[PDB]
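Peer 1: Protein chains in written order, with the deposited numbering: chain A, 22 to 185; chain B, 1025 to 1073; chain C, 98 to 438. Cβ atoms here follow ideal geometry from the backbone N, Cα and C, with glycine treated the same way.
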DNA sequence: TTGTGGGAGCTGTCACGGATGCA
DNA sequence: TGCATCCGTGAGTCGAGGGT
RNA sequence: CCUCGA
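What follows is the structure in C-alpha cells.
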C-alpha cells in the first residue's frame, strides 16, 4: 500500500541517520557500515507490513541491523581474505621457464628408436594417435585406412616400442 | 639564494626571492631615500614617460 | 543501473565538467552526490502561455494567507482587550497587568511573523518558478518539492549524474564555444582569463569529434583477471589485489541498487544507493581523490587503478622506463691490481 | 527480525603553483 | 570581482632477508 | 611494510 511507504518516510527516516552511527560502532569501517545500513533498509521495507504501527520502530529496526550483521559476519568470514605483498611484481608466475619449456617440448634419446626401428606404418600411426590424441576415426582419415588398420598399427607399434 | 636550491630556482625559472629589478629604458634616475622603504622613478632620454 | 561520472573529470583540478557546463565545482559536488537538485530542462512556451493564470492563482493564495493572518490577529486582539478589561475590573498590579499585555503582544507578534514566513516562502516559490532555467540549483528540498507539486509539468529537475548526462545532452557546444571566443576577443580582464581556461576544454571537445558524453559512464570496464591476481596462500587463506575488492564493492552496490529499484523503494534510499555507487566507482578509479580513501584490513588504503600508473612504484617508473633483466648477476667487488684496464 | 544500542585515529613535513570560493 | 586560501603536486638509486 | 647493506 502506498500508505505504508509514506508511513515509512514519515517517522522512520529520522532513525536512519541515528542508525548510521550505530552500524559504524559494529563494522568500524564507513564503507561497510553504509552497505550494512542499506541492506537493513531493504530487509525492513520489503517486510514493513509485518511491523505493527504505534509500537517502537527504533527498537525494531535496530534488531534488524544487529541480526543482519551477525549473519553477514559469519557468511563472509568463512574464508580468510587478505592482501598481496606491497609489490605485486613479486607474486610469481607459475609457468615453466624458457629453458624449462625447451627441454620439455623435445624428446629423449628414444626419438631414434621410434623413427628407424619401427616401420613408417607404425611410426606415423603411433605418433599421431598419442601426441595429437585424435579420434580413432580421425586417424583413420589421415592415412586412408579403416579402424582395422589404425587400431592394429597402434596395438602392434606399442609392443614394437616396448622393446628397447 | 643558497646552493642547490638556487640551481633549482634558476632551472625552473621561478621568480627569485630577494628580487632586484632592472631598468626598462635608458633615462635619468630619481631615488627617494626612505628609512623603511625606497622608491625609484625613471625619466627616459628618448622622449618617453 | 544509474549513470556515474568519471571522477577524473569531476574532481581532477580543474573540474573539466565544471568548465564544460560552466558550473562551480562545489555545485557539481552537490549535484553528483545528491545534495541538491538541478534543473535539466524548462518548457518556455508552456510557461509563457500559462503565466497569467498561474500568477492569478498565486495572488489568490497570498490573499488567502493575508486574510487568515488578519482574522487571527483580530481575534487575539479582541481577546487581549477583553482579558485586560477583566483584570482592570479587579485589583490589577500595573506590572502584572503589563506582563499580561506583553504576553498578548508577543502572541500577536508570533502570529504575524508566522504569516510573514509563509508569505516569504510563497514569494520565493513564485520568483523561483518565474526565473527557472537549465543549470540552476535548487538546494532547498522543500522549495523543490513545492516547485514540483505546483508547476511540475512545466520543467524537469533531477539529481545525480543522470542529470549531468541530461545537461550534456541538451548542451550545444558550438554555441558556448563561439560565445567564449567572442568574450575573449571583445573583452579583457579576469573574465578573459577564465574564458580562455574554459575555451581550452570546450574547443578540445569541439574540434575533435569526441563526444563530451564520455565523461559519464553507463558501464564500467573490468581488467582481465591475470592483471588482478588471486593466489592461494598456505592453508585456506587467499590473497588478492585491491582491484578485486573495489570491483566487488561496485558490483554489490549496483546489485543492491537494482534490488531497490525493483522493490519500489523510497526515493531517499535509492538516492543513497546511487550516491554509494558513484563513490565506489570513484574509489575503483582514483581512491582518496575525493573524501577519505577506502581502507581494507588495518586501515590501509586500497590501491586504485590510478595508483598503478603513479609514483616510482607505478608502471611507468617500475616496469617501462626500467625493468629486471635476464643473464645477469651480482656480487661483492674486490680490488684486483694484477688486472688490465 | 521490538521494546538499549552513535568511530577510529590521526599533525611532527616542506616548497610551490594555480583553481576555488568568499568578501 | 580580487585576491587569500586550500588543495593537490613533487621530494636518489640499487641490493639482502622477514612478514601481513 | 619493516630491519639492514653500499
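With DSSP collapsed to three states, give me the class of residue 1054 of chain B.
Peer 2: If DSSP states are grouped into helix, strand and coil, residue 1054 of chain B belongs with the strands.
Peer 1: With 9 angstroms set as the bound, which would you pick, yes or no: does the beta-carbon of residue 32 of chain A sit closer than that to a beta-carbon of chain C?
Peer 2: no
Peer 1: Are the stretch 139-159 of chain A and the stretch 99-119 of chain A touching, with three or more C-beta to C-beta distances below 8 angstroms?
Peer 2: no
Peer 1: May I have the straight-line CA-CA distance separating residue 50 of chain A from residue 56 of chain A, to the nearest angstrom?
Peer 2: 10 angstroms
Peer 1: Going by CA-CA distance only, name the one from C/200, C/230, C/382 that's closest to residue 140 of chain C.
Peer 2: C/230
Peer 1: For residue 373 of chain C, return the contacting residues in chain A, with the cut-off set at a CB-CB distance below 9 angstroms.
Peer 2: 52, 55, 56, 59
Peer 1: Where do the ends of the beta strand (DSSP E) carrying residue 166 of chain A lie?
Peer 2: Counting along the chain, residue 166 of chain A falls outside any beta strand (DSSP E), and DSSP gives it neither H nor E.
Peer 1: Closer than 8 angstroms between beta carbons: that is the criterion. Which residues of the stretch 91-103 of chain A meet it against chain C?
Peer 2: 100, 101, 102, 103
Peer 1: Can you name the start and end residues of the alpha helix (DSSP H) that residue 103 of chain A belongs to?
Peer 2: No alpha helix (DSSP H) contains residue 103 of chain A, which is instead part of the beta strand (DSSP E) from 102-104.
Peer 1: Under 8 angstroms Cβ-Cβ, which residues of chain C neighbour residue 26 of chain A?
Peer 2: Simply 361, 363.
Peer 1: Within this structure, are the beta carbons of residue 339 of chain C and residue 399 of chain C separated by less than 9 angstroms?
Peer 2: yes
Peer 1: Determine, using beta carbons only, whether residue 135 of chain A and residue 148 of chain A come nearer to each other than 9 angstroms.
Peer 2: With respect to the 9 angstroms criterion, residue 135 of chain A and residue 148 of chain A are classified as neighbours on the basis of their beta carbons.
Peer 1: Round the Cβ separation of residue 32 of chain A and residue 78 of chain A to the nearest angstrom and send it over; I've been treating them as touching at under 8 angstroms.
Peer 2: At roughly 7 angstroms, the Cβ-Cβ gap stays under 8 angstroms, so residue 32 of chain A and residue 78 of chain A are in contact.
Peer 1: Can you tell me whether residue 250 of chain C is buried or exposed? The criterion is at least 16 other CB atoms within 10 Å of its CB, across all chains shown.
Peer 2: exposed
Peer 1: Just by C-beta distance, which residues in the stretch 305-338 of chain C are closer than 7 angstroms to chain A?
Peer 2: Residues of the stretch 305-338 of chain C whose Cβ lies closer than 7 angstroms to any Cβ of chain A, in chain order: 326, 328, 333, 334, 335, 336, 337, 338.
Peer 1: Name, please, each residue of chain A whose Cβ falls closer than 8 angstroms to the Cβ of residue 394 of chain C.
Peer 2: 103, 104
Peer 1: Would you say residue 369 of chain C faces chain A, with C-beta separation under 9 angstroms as the test?
Peer 2: yes
Peer 1: Return no unless some Cβ of chain A is closer than 9 angstroms to the Cβ of residue 195 of chain C.
Peer 2: no
Peer 1: Which chain A residues are close to residue 351 of chain C, counting only those with a beta carbon under 7 angstroms from its beta carbon?
Peer 2: In chain order: nothing, as chain A lies at least about 12 angstroms away.
Peer 1: Give the range of the beta strand (DSSP E) segment to which residue 69 of chain C is assigned.
Peer 2: With chain C running from 98 to 438 in the structure shown, residue 69 of chain C is simply not present.
Peer 1: Going along chain C in order, which residues have a C-beta closer than 8 angstroms to the C-beta of residue 67 of chain A?
Peer 2: 360
Peer 1: Please say whether residue 254 of chain C and residue 101 of chain C have beta carbons closer to each other than 9 angstroms?
Peer 2: no
Peer 1: Determine the extent of the alpha helix (DSSP H) in which residue 329 of chain C is found, giving its start and end residues.
Peer 2: No alpha helix (DSSP H) holds residue 329 of chain C; the beta strand (DSSP E) holding it covers 327-329.
Peer 1: Write down every uninterrupted run of the alpha helix (DSSP H) in the stretch 119-192 of chain C whose length is 4 residues or greater and which is fully enclosed by it, in chain order.
Peer 2: 122-129, 141-145, 148-186
Peer 1: May I have the straight-line CA-CA distance separating residue 163 of chain C from residue 221 of chain C, to the nearest angstrom?
Peer 2: Distance between the alpha carbons of residue 163 of chain C and residue 221 of chain C is about 16 angstroms.
Peer 1: Measure the beta-carbon distance from residue 103 of chain A to residue 334 of chain C and round it to whole angstroms, keeping in mind my assumption that it falls under 8 angstroms.
Peer 2: 6 angstroms
Peer 1: Can you list the alpha helix (DSSP H) stretches of 4 or more residues lying completely in the stretch 346-432 of chain C, in chain order?
Peer 2: 364-382
Peer 1: Given residue 168 of chain A, which residues of its chain have a CB within under 8 angstroms of its CB, disregarding the five upstream and five downstream residues?
Peer 2: 157, 158, 161
Peer 1: So residue 104 of chain C and residue 383 of chain C are in contact, right, with Cβ under 8 angstroms, and what is the actual spacing, rounded?
Peer 2: Your pair residue 104 of chain C and residue 383 of chain C checks out as a contact, with CB atoms roughly 5 angstroms apart and the cut at 8 angstroms.
Peer 1: Put residue 51 of chain A into one of helix, strand or coil per three-state DSSP.
Peer 2: helix
Peer 1: Looking only at C-alpha atoms, which of C/107, C/432, C/138 sits nearest to residue 233 of chain C?
Peer 2: In terms of CA proximity to residue 233 of chain C, C/138 leads the group C/107, C/432, C/138.
Peer 1: Please list the partners that residue 112 of chain A has in chain C, where partner means a Cβ-to-Cβ separation under 9 angstroms.
Peer 2: Simply 326, 328, 336, 338.
Peer 1: I need the DSSP call for residue 1047 of chain B, collapsed to helix, strand or coil.
Peer 2: coil
Peer 1: If the cut is a Cβ gap below 8 angstroms, which residues of chain A does residue 417 of chain C touch?
Peer 2: Within chain A, no residue comes near residue 417 of chain C; the closest Cβ sits about 12 angstroms away, beyond 8 angstroms.
Peer 1: With 16 as the cutoff for other CB atoms within 10 Å, does residue 260 of chain C come out buried or exposed?
Peer 2: buried
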